[PDB]
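S.K.: Could you have a look at this structure, given as structure tokens, before my questions?
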Amino acid sequence: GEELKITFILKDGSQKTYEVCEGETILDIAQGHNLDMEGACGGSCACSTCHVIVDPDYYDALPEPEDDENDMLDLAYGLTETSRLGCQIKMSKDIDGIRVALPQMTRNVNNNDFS
Ligand code: FES
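For the sequence shown, UniProt numbering begins at 58 and goes up steadily by one.
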């Protein structure tokens, strides 16, 4: 069954509700639709905001990532029972109407990485 949608709740707090293909990453719809959105991974670029929280409907089918990857989320405060990386898990046939919210971070200690 063809074409899908994604809701994101903004860092500023608005809701924005967009049409997409399957196989797209949440970081790739955030950066492909140019959501006003920054975060803890990759310089806020091609690796990206990382941090989302999902609806308890659409997480419930979903995988979880390594202790190095779920940490990239944990640099936000108060991290939720459905808070997750944009990046492991994409738009698929299971998702027809999915949401995420896009939370705020700033940590007391900070670092950088490059190739
Ligand atoms: S934005 Fe890079 S692993 Fe999530």
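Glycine included, each C-beta is placed from N, C-alpha and C at the ideal position.
Helix, strand or coil: which one does DSSP assign to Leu84?
M.R.: Reduced to three states, the DSSP call for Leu84 is helix.
S.K.: Could you check what DSSP says for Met129 in three-state terms: helix, strand or coil?
M.R.: Looking at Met129 - three-state DSSP - the assignment turns out to be helix.
S.K.: Give me whichever residues DSSP pairs with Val166 in a beta bridge.
M.R.: For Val166, which the question treats as bridged, DSSP gives no partner whatsoever.
S.K.: When the distance is taken between beta carbons, is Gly58 closer than 8 Å to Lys147?
M.R.: Their beta carbons are not under 8 Å apart, which means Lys147 does not touch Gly58 by this criterion.
S.K.: Taking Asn165 as the reference, which of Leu61, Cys102, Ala133 has the closest Cα?
M.R.: It is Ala133 whose Cα lies nearest to the Cα of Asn165.
S.K.: Locate the beta strand (DSSP E) running through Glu138, then write down its first and last residues.
M.R.: It is not in any beta strand (DSSP E) - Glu138 carries neither H nor E in the DSSP assignment.
S.K.: Closest by CA to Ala103, which one among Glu126, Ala87, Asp125?
M.R.: It is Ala87 whose Cα lies nearest to the Cα of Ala103.
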